[PDB]
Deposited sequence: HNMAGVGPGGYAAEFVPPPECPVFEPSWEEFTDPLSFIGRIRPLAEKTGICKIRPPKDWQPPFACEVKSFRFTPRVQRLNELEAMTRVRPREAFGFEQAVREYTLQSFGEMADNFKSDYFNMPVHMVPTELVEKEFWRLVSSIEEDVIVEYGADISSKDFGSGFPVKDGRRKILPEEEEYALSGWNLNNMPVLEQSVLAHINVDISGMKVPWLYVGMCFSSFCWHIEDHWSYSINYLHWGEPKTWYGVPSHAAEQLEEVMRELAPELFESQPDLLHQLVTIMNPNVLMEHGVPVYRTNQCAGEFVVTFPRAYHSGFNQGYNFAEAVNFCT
């Protein structure tokens, strides 16, 4: 029948005192958040970083995504991609883009993923390096001067360019950008080296997430292998993770705990070590993400 939304993941609204530095805050919420895999963090109301990408020269060629590709077995500016994205969604649902309920897009997305009668194809501006046109956060680069009202965000610990990224090893990365449209998605995966990830939605329509706690990681991998196509079941995890598309209800039917959330503009999503996650975009939006170490 229809998609059954998983339970909501934890949402934290830290005070200005708790918001002082992310690593200590993430360490404190860990007893709860590591049991849900993902969590959402809403900064205080007055914490509003300005968007710092060079919008004039921002150009990219998004990847083509066919939603039902497993069942079946153009260069844009930010403005032109947004026009394409809004036109697609308003045409698909026959209503203004901001009036489409998040539950309907979610229900339609998972129906289209398993549909053999309807081939829906979207585009995703994914894995755009922040080195190309700058980070969405203000940065003391020198490649783009910052206003005085911007400096606190250039120095903030929640600025994804200021997250610790070095892992201590016996030898003695930068954020990535995602320009989304309706139904553009990221399949089930964990980060390299089981690292944390922090994700910030700069603006636009919500990004819908699904997360699995790390204690159920082997359960998910067993379900994924049992139900993956026979040609992909034997592939190494790093390659299989390119096509690990699975309805959350299938995992839940196999006893795997799954949590969801709608990440709205200005909110963070943190994924914990070895927490499998997947999701899709409700519409035209802009996200920034990085892996970090504790």
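Participant: Missing CA coverage against the deposited sequence, listed in sequence order.
Facilitator: According to the deposited record, C-alpha coordinates are absent for 1-12, 86-100, 200-208, which together make up the missing parts.
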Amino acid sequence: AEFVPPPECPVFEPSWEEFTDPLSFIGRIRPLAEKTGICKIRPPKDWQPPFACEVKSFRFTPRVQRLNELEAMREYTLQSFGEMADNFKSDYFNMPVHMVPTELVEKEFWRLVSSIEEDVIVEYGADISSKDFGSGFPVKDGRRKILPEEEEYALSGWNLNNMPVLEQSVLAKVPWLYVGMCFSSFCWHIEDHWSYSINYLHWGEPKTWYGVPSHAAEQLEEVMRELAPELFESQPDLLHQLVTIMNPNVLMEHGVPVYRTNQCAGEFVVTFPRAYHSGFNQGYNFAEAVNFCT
From here on, numbers count along this sequence of modelled residues.
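Rigid core: the largest C-alpha set superposing within 1.5 Å between the two forms.
Participant: What stretch shows more C-alpha movement in 8 other deposited structures of this protein relative to this form, 141-149 or 113-121, after the core is superposed?
Facilitator: Higher root mean square deviation of C-alphas in 8 other deposited structures of this protein is shown by 141-149.
Participant: Quick one: is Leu166 left out in at least a third of the other entries we compared?
Facilitator: Per the records, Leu166 is modelled in all the other entries.
Participant: State which stretch shows the higher mean Cα B factor in the entry: 96-104 or 148-156.
Facilitator: Comparing 96-104 with 148-156, the higher mean C-alpha B-factor belongs to 148-156.
Participant: With reference to the PDB entry, specify whether the mean Cα temperature factor is higher for 37-45 or for 63-71.
Facilitator: Looking at the record's C-alpha B-factors, the answer is 63-71.
Participant: According to the deposited entry, which of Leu251, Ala228, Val243, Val269 has the largest Cα B-factor?
Facilitator: Largest recorded C-alpha B-factor: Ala228.
Participant: Among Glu118, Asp127, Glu123, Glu83, which residue carries the highest C-alpha B-factor recorded in the PDB entry?
Facilitator: Across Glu118, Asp127, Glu123, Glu83, the entry lists the biggest C-alpha B-factor for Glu118.
Participant: Consider only the C-alpha atoms of the modelled residues in this chain, order them by B-factor as the entry records it, and name the third containing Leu239: lowest, middle or highest.
Facilitator: Middle third by C-alpha B-factor.
Participant: Split into thirds by Cα B-factor across the chain's modelled residues, where does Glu221 land: lowest, middle or highest?
Facilitator: According to the entry, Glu221 has a C-alpha B-factor in the chain's middle third.
Participant: Which third, lowest, middle or highest, does the C-alpha temperature factor of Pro164 belong to within its own chain?
Facilitator: Within its chain, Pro164 is a highest-third residue by C-alpha B-factor, going by the deposited values.
Participant: What third of the chain, by the recorded C-alpha B-factor, contains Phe25?
Facilitator: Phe25: CA B-factor falls in the middle third of its chain.
Participant: Based on the entry's values, in what third of the chain does the Cα temperature factor of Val55 lie: lowest, middle or highest?
Facilitator: Ranked within chain, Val55 CA B lands in the highest tercile.
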